[PDB]
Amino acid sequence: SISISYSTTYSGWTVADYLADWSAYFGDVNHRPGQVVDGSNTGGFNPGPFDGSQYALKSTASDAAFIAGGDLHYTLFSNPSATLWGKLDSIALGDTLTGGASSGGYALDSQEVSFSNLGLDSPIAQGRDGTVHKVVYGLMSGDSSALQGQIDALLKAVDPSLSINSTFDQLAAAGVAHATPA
C-alpha cells in the first residue's frame, strides 16, 4: 500500500492542504515552449541525461524542491515528444536540493513529506496523458492536483474512510504513515 513519511511539524495538516500549499509556494517553473532553460527550469535525472531512477527539480525562485523516484524516461524530442513516462514509486517534497548524477543521487536537506509505493506505471504510448507525466509535470507547474488524485485513490484502496482530507496523524493511526523528526 501507499506509505507516507512526514515530519511531525505536519502532523495536524491534511494531505490536501499540505500539497496545495507546498505546490503553490514552489510555484510554476514555466517549463513551456520558449521558456525552457537548461540548468534553470529543466531539473535533472540520476544518472541521466534523460533517464534514471530519480528526477529532481528545484524552484530557483526559491530552494523548494521535489524528487521523483522510480524507473523514469523522458522522450525529449522523440515521439511522443516531451513525455515523462515509466514507473513512478515515490515523490519527496521539501527544500534544499542536494546531489545529482555526479553524486550518485539527489536528496533534500530538509525533506518534509514523502509518498512511496505509488505504483504508477505509464507506457510511452500514453504520451502526455500518462499518469506519471501528469503527476510530475503538474508538480513542475506548481500544481499538485494530479498527485493528490493518485494519493486519494491509493488511500481509498486501503480503506474508503481514508483520503487526502485525512490528517497525517490520522493516516499514521490507520497504518499508512509514519512521522519523522521535525
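Note that residue numbering begins at 1 and tracks the sequence as displayed.
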item	value
Higher-scoring stretch by recorded Cα B factor average, 34 to 42 or 138 to 146	34 to 42
Which of 67 to 75 and 95 to 103 has higher mean CA B factor, as the PDB entry lists it	95 to 103
Most elevated Cα B-factor in the entry, residues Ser114, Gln126, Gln54, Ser62	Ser62
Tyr10 - Cα temperature factor, lowest/middle/highest third of chain	highest
Ranked C-alpha temperature factor of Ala153 among modelled chain residues, by third	middle
Record-listed C-alpha B factor of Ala173: chain third	highest
Within-chain third of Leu118 by Cα B-factor, per the entry	highest
Position of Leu108 among the chain's modelled residues by C-alpha B-factor, lowest, middle or highest third	highest
